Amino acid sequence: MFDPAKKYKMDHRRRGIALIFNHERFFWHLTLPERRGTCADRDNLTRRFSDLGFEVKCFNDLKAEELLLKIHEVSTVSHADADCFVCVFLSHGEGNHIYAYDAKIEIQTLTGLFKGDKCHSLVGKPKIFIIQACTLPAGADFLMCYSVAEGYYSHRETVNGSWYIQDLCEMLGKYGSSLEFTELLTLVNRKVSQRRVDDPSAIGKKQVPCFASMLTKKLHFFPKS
């Protein structure tokens, strides 16, 4: 009958793809912290998801030609022998209205490609989207992880990256292979929300992340094989 401890099947051959998408186009004056922080976040993510068995692939949206080339690949490639799919969307904080509006269209596109109708090979498999906001995607077995609720405070980028990706990567490296994934995201909620400014204008305010789950089972990333 009903098993409260039922888990997603994570014994397939591969873990799956971990797509790290960098939103760059329509962003012009890029300071030194932003440029070195974005690279720190990507590299930190590439190490934590690779250690969990994912095949990391990193795109950006600067070259429209290469963008469609590599997007078509991940959308049409078969995931039948994969445990799950992960997609991380990275963006800069201080962006214009064109940059911010493009991100929303990109996020809708990405999430839409992996819904049950357009990707049979991921049906019944967790589809995890981690979005660094500058939303309303939904679907069975989706997990949406947001760095901040839209309209609320998020700390500026730093040479070492952003608060959300730093804390998410610390928990992933420390607890990724043991704890249930939503328990892990709850720890990121606490770690990030506890950080404080040393920007005297941002005194007293905090960054509150959020995650929205449509998963039906427990999700673990025990070491494979």
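The numbering used is simple: start at 1 and walk along the sequence shown.
Missing deposited residues between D198 and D199: 1 to 3, all without coordinates in the entry.
The modelled chain breaks between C134 and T135, where 10 or more residues of the deposited sequence lack coordinates. Averaged over CA atoms, B-factors in the entry run higher in 156 to 164 than in the other of 156 to 164 and 179 to 187. Legend: mean Cα B-factor per stretch from the PDB entry, 24 to 32 versus 41 to 49; the higher mean is in 24 to 32.
For the set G151, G139, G112, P126, the PDB entry puts the maximum C-alpha B factor at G151.
Highest C-alpha temperature factor among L68, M171, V192, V56 per the entry: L68. When the modelled residues of the chain are ordered by C-alpha B-factor, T76 sits in the highest third. Annotation for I105: C-alpha temperature factor in the middle third relative to the rest of the modelled chain, per the entry. Split the chain's modelled residues into thirds by C-alpha temperature factor. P209 is in the lowest one. When the CA B factors of the chain's modelled residues are split into thirds, the value for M10 lands in the middle one. In the deposited entry, the Cα temperature factor of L19 sits in the middle third of values across the chain's modelled residues.
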